[PDB]
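Structure 1 and structure 2, given next as structure tokens, are two forms of the same protein chain, each shown alone.
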Structure 1
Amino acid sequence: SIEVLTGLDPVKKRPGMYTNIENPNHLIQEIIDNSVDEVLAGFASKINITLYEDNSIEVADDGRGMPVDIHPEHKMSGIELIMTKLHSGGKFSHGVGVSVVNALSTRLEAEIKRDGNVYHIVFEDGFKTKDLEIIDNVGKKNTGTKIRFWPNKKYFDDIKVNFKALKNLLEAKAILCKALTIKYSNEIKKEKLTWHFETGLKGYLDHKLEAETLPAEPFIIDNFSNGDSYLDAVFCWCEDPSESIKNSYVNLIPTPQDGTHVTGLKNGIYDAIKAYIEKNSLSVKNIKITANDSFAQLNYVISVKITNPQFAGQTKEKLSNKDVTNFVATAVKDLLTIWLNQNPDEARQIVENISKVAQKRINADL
């Protein structure tokens, strides 16, 4: 509806607006986000990161490979177009685009494999400096995008990549993609890692809580969907040592301010505690349970993968997609019920505990 294309001068002259200027970690994030799009779209399964001793970063993936076709209107390869311009848009007047990286880099290189050609192009301070050419050939099914870049010292407090932060980030990302394998190679500290979580979130709560949780084997929703689309979640009840694990994600973007997906998980848990209480007549007469009680001592991680993530206001901190709320709800209800119906011992230990919670709340009302 409103598409906006500009040059890179805005970014160059307000870096703090388009990246965190402490170090290049964010620049790397932006490129991982792009690989991650291909992983979410189902075309990619690898993201490989090398940190070189010259302080450049290289991020590679086995995705479809950045487009190379000449834009009928802009007269320029897809890849050049994305690289040498800010793209933005909306309905009326991060996800800032890789051209931010290009801009704040002294040198950036891209190597693409599509259609059995290997393409190459170099840029400097965000301007093309060597034409897109075919430098090799490759099997038709050998595809991907590979970018290496030399952040430009003048923009950053420090050019040194904060290593620990990146590794944490990469671990966080793999956990949320059982289909993804992330290799990482720091040539400066001579160290390599590989993350592959075939298992998924399974174990994470066990590990991060290491207290007695209920259920003892926290509840897994493994890759539930319908094409509306994808729910992974893990949850259990526990108690304090301030061990708040309450994490939520859309398309791997942290939602520190919750929304439709979180709401959805709150409802469906309630929904199926109500339904289970009634089914077995586990009521007590002046203890009407509420949605908040079933949630009070809940520890969880919910990660949602959806086609059109609409957010709240200016930043991508809260998910506002009306209708994930009932997509997350229906699943958690049915899914949890089945477990409840099969788990007398723990299902009733859970209800009794939520009753204590509601009971204690009702008391505090004078």
Structure 2
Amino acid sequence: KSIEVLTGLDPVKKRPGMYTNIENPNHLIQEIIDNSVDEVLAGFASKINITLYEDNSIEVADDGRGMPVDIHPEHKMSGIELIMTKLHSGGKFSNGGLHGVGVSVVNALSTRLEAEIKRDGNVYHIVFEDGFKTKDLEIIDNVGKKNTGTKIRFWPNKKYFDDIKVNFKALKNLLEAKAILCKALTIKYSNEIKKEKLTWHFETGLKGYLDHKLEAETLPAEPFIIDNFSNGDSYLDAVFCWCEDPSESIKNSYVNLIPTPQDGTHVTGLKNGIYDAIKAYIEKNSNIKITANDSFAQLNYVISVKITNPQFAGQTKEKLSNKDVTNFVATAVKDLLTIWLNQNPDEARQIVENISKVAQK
């Protein structure tokens, strides 16, 4: 916030590959979904509904507060126009990417985008084409004051994509993943092309996931769960176990339900917390020169943090960089795993034995 930057959308149109995966429009759909997810994580939304239309357009609707419509005093336009028609960025000191850029990317790369916002008992409607407003924000209907949300329908522009056909299977996989990580959320999908509908809602969250993907034998036999740990405003969900069969390896990480394939400060936090717990257990109870690499080598895990202002790093913005996250995760992991290892000496001893054998080479 020391530096705040607003540009037009030309940079996106000129290098779409820097802002999205141009193979198909799935990453655009992910960007709109992540913006609805932010309402869910803020506590104001419970429902995200996705529709794939026969004309290859995509609609995403939520029951959040409704995107802001107030006129920004400086830019003299509604909040929704501002969010949709400008690239917003800032930071501490001067230094695109697939995350942390914003929904204007979707707007830039679409021939048409419509938004309907229900807020304050009004239904607002606005239209854009190729990243510019083409129909003024207007109130088109009224609704109950508590009937709120945002619905965005968009038509990806074939100029920028290898295929404008949505990859159904990849989308369904992404949505399942998000629902597993957020029990407050119910996701619905309607594919009008295939004539199918799915609904996901995981009351039990990550419980049983690793068992399903692996089994194969794991230590602990029941993968260890960290369930909704919080320090106030940051939250951690995780499941992990060791496995000697390397045929299936699950090592997935997320921030605000966004997959982070380049890992980051949460994954380092996990690795450190695990090692701290293992080192302390060995010392408390007893040899070798075990490292954090050794205790992480056969680890399968899912780690999901929810934090307020995620920062992304690397050219592709797929790595979480928030520095305070590492310690938040490491301490929680060390403490909770320590309790578990103390209550589970037979399995704890085998885990320690297997790690010590990894270290042995």
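The term rigid core refers to the maximal set of C-alpha atoms that superpose within 1.5 Å between the two forms. Numbering for residues begins at 1 and runs along the sequence of structure 1.
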Given a superposition on the rigid core, I'd like a yes or no on whether residue 146 shifts its C-alpha by 2 Å or more between structures 1 and 2.
no
Cα of residue 261 displaced 2 Å or more between structures 1 and 2, core superposed?
yes
What turn in degrees does the smaller rigid part make against its larger partner between structures 1 and 2?
14
Would you look up how far the C-alpha of residue 219 moves between structures 1 and 2 when the rigid core is overlaid, in angstrom?
3.3
After lining up the core, report the Cα displacement of residue 355 between structures 1 and 2 in Å, one decimal place.
7.2
